Amino acid sequence: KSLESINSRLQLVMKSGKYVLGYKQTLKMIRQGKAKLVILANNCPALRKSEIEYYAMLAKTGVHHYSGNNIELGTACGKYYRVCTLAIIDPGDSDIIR
Amino acid sequence: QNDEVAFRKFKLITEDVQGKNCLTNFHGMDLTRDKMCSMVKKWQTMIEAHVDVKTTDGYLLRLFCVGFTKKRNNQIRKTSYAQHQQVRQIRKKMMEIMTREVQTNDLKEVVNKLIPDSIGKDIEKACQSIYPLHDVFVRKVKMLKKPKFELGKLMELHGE
Amino acid sequence: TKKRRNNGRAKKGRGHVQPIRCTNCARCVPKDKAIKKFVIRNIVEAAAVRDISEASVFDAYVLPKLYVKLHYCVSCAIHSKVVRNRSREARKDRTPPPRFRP
Amino acid sequence: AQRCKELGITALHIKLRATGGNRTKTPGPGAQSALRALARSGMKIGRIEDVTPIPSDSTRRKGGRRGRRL
Amino acid sequence: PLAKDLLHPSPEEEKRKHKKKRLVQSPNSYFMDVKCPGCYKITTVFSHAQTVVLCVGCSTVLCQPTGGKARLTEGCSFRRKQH
Amino acid sequence: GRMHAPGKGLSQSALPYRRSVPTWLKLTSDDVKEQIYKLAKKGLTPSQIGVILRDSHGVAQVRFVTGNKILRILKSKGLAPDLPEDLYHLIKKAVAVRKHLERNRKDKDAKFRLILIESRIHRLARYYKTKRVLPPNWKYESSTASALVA
Amino acid sequence: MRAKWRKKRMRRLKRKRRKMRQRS
Amino acid sequence: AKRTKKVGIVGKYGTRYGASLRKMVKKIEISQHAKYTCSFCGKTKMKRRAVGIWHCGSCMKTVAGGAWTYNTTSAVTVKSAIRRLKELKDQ
RNA sequence: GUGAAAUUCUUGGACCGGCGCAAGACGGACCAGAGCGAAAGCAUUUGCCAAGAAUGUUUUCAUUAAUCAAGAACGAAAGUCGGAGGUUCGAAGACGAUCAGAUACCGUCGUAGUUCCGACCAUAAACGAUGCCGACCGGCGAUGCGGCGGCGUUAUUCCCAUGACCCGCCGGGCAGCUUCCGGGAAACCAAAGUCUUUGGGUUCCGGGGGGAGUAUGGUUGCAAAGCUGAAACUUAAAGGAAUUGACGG
Ligand SMILES: [Mg+2]
Ligand SMILES: [Mg+2]
Ligand SMILES: [Mg+2]
Ligand SMILES: [Mg+2]
Ligand SMILES: [Mg+2]
Ligand SMILES: [Mg+2]
Ligand SMILES: [Mg+2]
Ligand SMILES: [Mg+2]
Ligand SMILES: [Zn+2]
Ligand SMILES: [Zn+2]
């Protein structure tokens with residue numbers, strides 16, 4: 001039930017909130033301090049995963065390890081490309097509790 | 001036992017012999033054929049559970065439990081069939097209350113408490129709120145492993 | 001002509017019923033079609049109950065029963081006279097013959 | 001019975017056995033007479049139990065699906 | 001019965017019949033006012049509610065969904081709406 | 001009778017003969033409209049909006065109290081879903097069955113259910129294109145549908 | 001004959017006919 | 001248009017070697033020359049280099065696999081069994 | 001082992017009893033005119049994954065529906081191909097019996113097969129020998145699921161909930177008993193009724209028996225075979241249900 005819940009909430013982050021897709025943009029948003037949640041596919045390289053975790057710890061923002069992969073994370077985002085890392089600027093749908 | 005039931009048997013394998021006496025230890029128990037075949041009846045559901053559980057002293061036991069749904073004294077319906085969820089809950093309950101009578105005690109006080117089948121009696125008591133059961137017993141236990149055969153344990157089981 | 005409404009078996013809302021082997025001739029018979037007799041016989045004959053009681057080391061010893069469930073194909077059932085052919089109206093009833101207790 | 005008596009055995013437990021397995025479960029004609037002869041020959045009788053091999057389920061019984069045609 | 005009055009059935013068999021098979025459709029469900037202990041406000045709850053109804057002023061559940069009827073939590077009072 | 005089952009069930013909802021708003025209902029039409037707007041912002045489909053409104057707020061029929069159906073209200077405000085609710089759920093079910101099927105090739109029962117669900121999807125899509133809710137060139141493809149649902 | 005054995009005889013004859021025709 | 005009714009990839013062998021042998025080698029060659037989705041980078045570039053060696057062009061990951069398929073059913077069942085025996089061994 | 005035997009195993013310890021080991025099947029009794037599934041079919045425990053009927057609904061859409069040439073998915077058992085495995089049973093085959101003969105029925109052995117994965121085949125008395133959707137037309141007692149309402153008993157607990165019984169009602173099912181509803185050649189069927197008082201919608205399909213599901217052509221299949229499918233000629237009956245009699249190892 002958790003996976004369908006996070007998929008539905010991710011779908012509702014699209015079309016209603018400000019997000020950003022990809023690694024470079026995620027790091028840019030994190031170091032600007034406006035990334036409130038970072039989602040990582042388990043297909044992510046371990047070095048990239050650890051570095052994004054350290055960046056989030058510095059920015060004091062949450063990291064969710066998606067139980068899919070970059071293909072499945074891309075499908076969950078509603079896109080037709082692989083996304084391996086993404087950030088939510090503001091959910092608009094209570095995925096990120098106020 | 002002096003005055004206990006007669007449908008229960010024990011295996012009692014022999015480990016050490018000294019003098020003209022063969023000294024035994026528990027190997028397993030089983031019900032008799034006639035009692036088991038008399039208990040199984042139509043128009044009722046029987047629940048069978050087994051669990052591999054290790055004693056404190058290293059004896060591994062496979063306890064088999066059986067239980068039969070009991071019709072009420074005022075029941076008009078021919079059959080007393082429990083639903084699949086009820087049978088599953090009964091099986092889970094009587095697995096987890098065969099585990100705890102073995103995990104926390106030695107083989108000796110396991111054997112002496114399955115002598116009156118107290119485990120089956122409290123299983124019968126525990127399942128009344130799901131579906132009544134009447135013929136509840138530990139049908140079988142078999143010895144799966146034995147711990148190295150310390151002679152002192154055998155002698156204190158026989159002697160004091 | 002259709003001899004029986006249930007076609008001589010209890011299969012009503014099923015497609016297939018698992019087969020069993022006749023206890024007499026080991027014929028593969030469907031489980032719902034074979035004739036079943038649950039015989040509950042004293043393990044010793046009525047002629048020998050007194051002698052076993054005399055030779056028993058116990059005083060209040062109950063003689064054990066012998067529980068056997070028998071399955072017959074209708075061929076062996078008819079040949080062994082457990083079931084008999086009946087009239088057209090007498091085929092319809094399903095009441096088992098009475099135990100004849102007295 | 002006479003061999004058991006001359007070897008100093010007085011009482012007997014009884015274990016009746018049929019063919020078992022996937023084959024017949026009914027004991028043969030000799031069970032009743034054997035047990036009665038044991039009883040009336042002076043031998044004492046203890047526990048009696050059926051020990052027929054009952055499969056929880058067996059291999060295929062011999063004869064084919066049409067059985068033994070006679 | 002050849003002369004059963006189909007125009008004016010008595011209310012007993014009108015009630016026992018299925019909701020659709022009545023002379024005129026009448027739902028079996030209704031609405032109720034539920035009083036939560038320790039609270040002042042009143043919440044109107046569907047009798048056959050499919051969702052867990054909560055007080056907005058207290059983090060307490062009022063009814064639990066079941067197969068046919070929502071089951072009210074104990075200590076809660078209820079009445080009917082216009083019969 | 002069911003479309004793809006040999007079931008002939010009767011479980012329905014018996015709408016009462018009184019179309020009038022109950023006197024104990026204090027909520028006005030605009031209040032119910034704003035509630036529907038909020039619940040649509042939360043992401044609830046019109047069926048769920050109706051269920052929540054009836055269960056908690058005591059409104060019997062949104063149409064009876066506002067004069068408009070829930071989907072009409074959402075479409076007028078401009079936040080109705082891009083796909084119709086039932087077609088969306090059917091595509092979701094087909095995607096779930098396909099995801100289960102690519103790991104379990106021997107589940108021919110699941111294959112049969114997938115065929116039934118996709119037949120329902122095609123019939124409903126043909127209906128929606130007839131009503132011009134959907135674009136005339138809209139088409140359900142198995143590969144690309146997974147990005148649309150859940 | 002039993003109808004099943006007539007069917008079997010017909011199948012044997014049909015295979016023989018196919019073999020004869022393929023031989024040409 | 002469709003160029004071959006049934007031979008497909010083994011049309012290169014002509015009439016030689018027998019129909020059943022060509023059919024038997026057809027699926028093996030299809031799996032051999034297919035490109036599998038890489039489980040590390042997600043791109044469909046994992047292709048066979050030599051027998052048993054599978055290399056992804058994107059992330060330059062080389063994986064030891066089956067002779068003709070990326071993973072054999074034997075190895076998959078073995079991996080599952082080893083996982084189960086590991087989780088049984090520890091507690 | 002058998003009706004009786006014999007082939008067969010046996011002082012090399014056969015059969016029997018005990019203790020273990022291994023392998024592959026099979027899930028008894030519970031198991032029912034009970035359940036689920038489109039059928040074929042599905043019965044050890046637990047976990048995971050999707051799916052589904054029925055019920056409840058004052059939820060949503062608003063006609064989206066029924067049946068369906070062509071086409072497609074599945075399709076017992078046997079059979080085929082490839083890889084494992086092969087305990088039991090057991091086509092073929094060998095032998096022992098029986099017999100006038102016995103290429104069989106009975107017995108011993110035993111290959112393919114029977115078990116799992118992958119790919120074919122698409123046939124069964126695949127049956128309810130009985131198309132699907134819808135409406136109406138008797139009664140009665142049960143049973144499976146869901147729901148609703150009730151004297152009471154019972155389980156803990158201090159009471160209600162919730163289980164297990166008891167009494168009913170509703171909805172969908174598997175069925176049963178009964179009936180001069182009615183139909184039918186009848187057997188029988190609450191459907192096989194609402195049919196000369198002939199029309200609810202729709203699909204497939206039969207036209208005396210044989211020849212014959214044969215020949216030929218086409219098409220599918222590795223093959224076995226599957227689908228489509230005549231004609232010449234022959235024949236006065238072939239058949240169905242019931243009745244009386246005769247006969248029955
Ligand atoms: Mg006849
Ligand atoms: Mg069948
Ligand atoms: Mg005979
Ligand atoms: Mg098959
Ligand atoms: Mg093979
Ligand atoms: Mg043999
Ligand atoms: Mg029609
Ligand atoms: Mg004709
Ligand atoms: Zn028989
Ligand atoms: Zn890669």
Side-chain angles (χ1 to χ4, degrees), chain B residues 37 40-46 48-50 68 70-77 79-81 86 91 128-132, chain C residues 1-2 6-7 9-13 15-16 18 31-32 67 69, chain D residues 22 54-64 68-70, chain E residues 16-18 27-31 46 48 50 66-69 71 74, chain F residues 1-3 5-16 45-51 53-54 60-61 69-71 84-86 93 96-97 99-101 103-104 107-113 115 123-124 126-128 130-131, chain G residues 10-11, chain H residues 19-20 23-24 73:
Chain B
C37 293
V40 182
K41 289 183 181 180
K42 276 178 88 71
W43 326 125
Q44 81 183 349
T45 301
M46 67 179 180
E48 282 194 326
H50 72 265
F68 299 82
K70 177 180 64 64
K71 68 175 311 160
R72 295 291 186 183
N73 58 5
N74 74 321
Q75 180 171 304
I76 304 293
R77 192 177 311 147
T79 71
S80 303
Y81 290 144
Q86 293 176 352
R91 219 199 311 273
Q128 301 299 88
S129 46
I130 301 157
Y131 206 107
Chain C
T1 79
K2 198 167 161 202
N6 73 333
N7 299 121
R9 58 193 305 193
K11 191 182 69 81
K12 269 310 162 183
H16 185 246
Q18 68 264 21
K31 186 186 164 171
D32 64 296
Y67 309 82
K69 189 174 179 181
Chain D
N22 56 6
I54 310 294
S56 290
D57 266 324
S58 61
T59 56
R60 182 151 167 117
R61 188 182 171 189
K62 80 180 293 293
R68 209 169 98 96
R69 280 97 69 197
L70 291 158
Chain E
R16 76 177 65 251
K17 279 197 270 154
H18 188 263
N28 276 323
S29 61
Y30 47 85
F31 290 105
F46 192 45
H48 293 234
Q50 301 155 28
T66 72
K69 280 191 176 181
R71 185 177 64 247
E74 278 289 28
Chain F
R2 304 275 78 74
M3 176 170 295
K8 299 175 184 175
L10 201 64
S11 67
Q12 294 178 358
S13 307
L15 198 66
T45 80
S47 304
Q48 319 172 294
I49 302 188
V51 164
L53 274 185
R54 168 206 71 192
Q61 282 295 303
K69 322 180 84 205
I70 293 191
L71 190 63
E85 180 181 0
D86 54 357
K93 195 175 294 277
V97 172
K99 188 212 185 157
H100 163 85
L101 207 50
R103 289 181 290 112
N104 304 81
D107 214 330
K108 301 167 187 173
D109 195 346
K111 180 192 281 187
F112 181 80
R113 303 299 152 183
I115 295 170
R123 287 164 70 159
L124 198 53
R126 200 181 47 222
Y127 162 71
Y128 279 134
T130 298
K131 298 286 99 175
Chain G
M10 186 64 72
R11 284 205 168 108
Chain H
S20 72
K23 180 174 181 288
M24 186 180 289
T73 62

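What you see below is based on every heavy atom in this structure, not just the backbone, and it leaves out hydrogens, waters and symmetry mates. In the text below, chain A, chain B and the rest are named by the order of the sequence lines, each starting its count at 1.
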Practice problem: Give one of base, sugar-phosphate or nothing for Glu48(B), where a contact means two heavy atoms less than 4.0 Å apart. | Solution: base
Exercise. Using a 90° cut-off around 0 for syn, call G90(I) syn or anti.
Key: anti
Quiz item: Any chance the bases of neighbours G24(I) and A25(I) are stacked, by the 5.5 Å centre and 30° plane criterion?
Solution: yes
Quiz item: Is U202(I) the Watson-Crick or G-U wobble partner of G131(I), both distances being under 3.5 Å?
Solution: yes
Practice problem: Would you kindly check whether a donor in the side chain of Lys31(C) faces an acceptor in the base of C31(I), or vice versa, at under 3.5 angstrom? | Solution: yes
Quiz item: Does the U162(I) / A155(I) combination count as a Watson-Crick or G-U wobble pair, both distances under 3.5 Å?
Solution: yes
Quiz item: Does the pair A190(I) and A191(I) meet both stacking conditions, six-membered ring centres under 5.5 angstrom and ring planes under 30°?
Solution: no
Quiz item: Base, sugar-phosphate alone, or nothing: which one does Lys69(E) contact when heavy atoms must sit under 4.0 Å apart?
Solution: sugar-phosphate
Practice problem: Assign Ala110(F) to base, sugar-phosphate, or nothing according to its heavy-atom contacts below 4.0 angstrom with the strands shown. | Solution: nothing
Self-check item: Pairing partner of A92(I) (Watson-Crick or G-U wobble, both distances under 3.5 Å)
Solution: none
Quiz item: What is the nucleic acid contact for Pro27(E), judged by heavy atoms within less than 4.0 Å: base, sugar-phosphate only, or nothing?
Solution: base
Self-check item: Separation between the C1' atoms of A231(I) and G226(I), rounded to whole Å
Solution: 24 Å
Quiz item: Rounded to whole angstroms, how far apart are NZ on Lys62(D) and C1' on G110(I)?
Solution: 13 Å
Quiz item: With sugar-phosphate meaning primed atoms plus P, OP1 and OP2, does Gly15(C) contact a base, only sugar-phosphate, or nothing at under 4.0 Å between heavy atoms?
Solution: base
Quiz item: With no angle test and no hydrogens, is the base of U57(I) tied to the side chain of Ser29(E) by a donor-acceptor pair under 3.5 Å?
Solution: no
Practice problem: Before accepting this row, confirm whether a basic side-chain N of the pair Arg9(C)/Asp32(C) lies closer than 4.0 Å to the acidic partner's carboxylate O. | Solution: yes
Quiz item: Can we call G171(I) and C145(I) a base pair, counting Watson-Crick and G-U wobble only and needing both distances under 3.5 Å?
Solution: yes
Quiz item: Does the distance from a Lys or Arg side-chain N to an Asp or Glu carboxylate O, for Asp109(F) and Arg113(F), drop under 4.0 Å?
Solution: yes
Exercise. For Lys99(F), answer base if it contacts any base atom (sugar-phosphate contacts may also be present), sugar-phosphate if it contacts only those atoms, and nothing otherwise; contact means non-hydrogen atoms under 4.0 Å.
Key: nothing
Practice problem: Give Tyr81(B) one of three labels, base, sugar-phosphate or nothing, depending on what nucleic acid heavy atoms sit under 4.0 Å from its own. | Solution: base
Self-check item: Watson-Crick or G-U wobble partner of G118(I), both distances under 3.5 Å
Solution: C81(I)
Self-check item: hbond_proxy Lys69(F) side chain to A62(I) base (donor-acceptor, 3.5 Å cutoff)
Solution: yes
Practice problem: Report yes if at least one side-chain N or O of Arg113(F) is closer than 4.0 Å to OP1 or OP2 of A73(I); otherwise report no. | Solution: no
Self-check item: Base-pairing mate for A242(I) - Watson-Crick or G-U, with both contacts under 3.5 Å
Solution: none
Quiz prompt | Two-distance pair criterion under 3.5 Å, Watson-Crick or G-U, for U197(I) and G33(I) | solution = no
Quiz item: Under 4.0 angstrom, heavy atoms only, what part of the nucleic acid is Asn7(C) near: base, sugar-phosphate, or nothing?
Solution: sugar-phosphate
Quiz item: When all nucleic acid strands are considered with a 4.0 Å heavy-atom cut-off, which category describes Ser11(F): base, sugar-phosphate, or nothing?
Solution: base
Quiz prompt | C132(I) versus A224(I) - spacing of their P atoms, nearest Å | solution = 38 Å
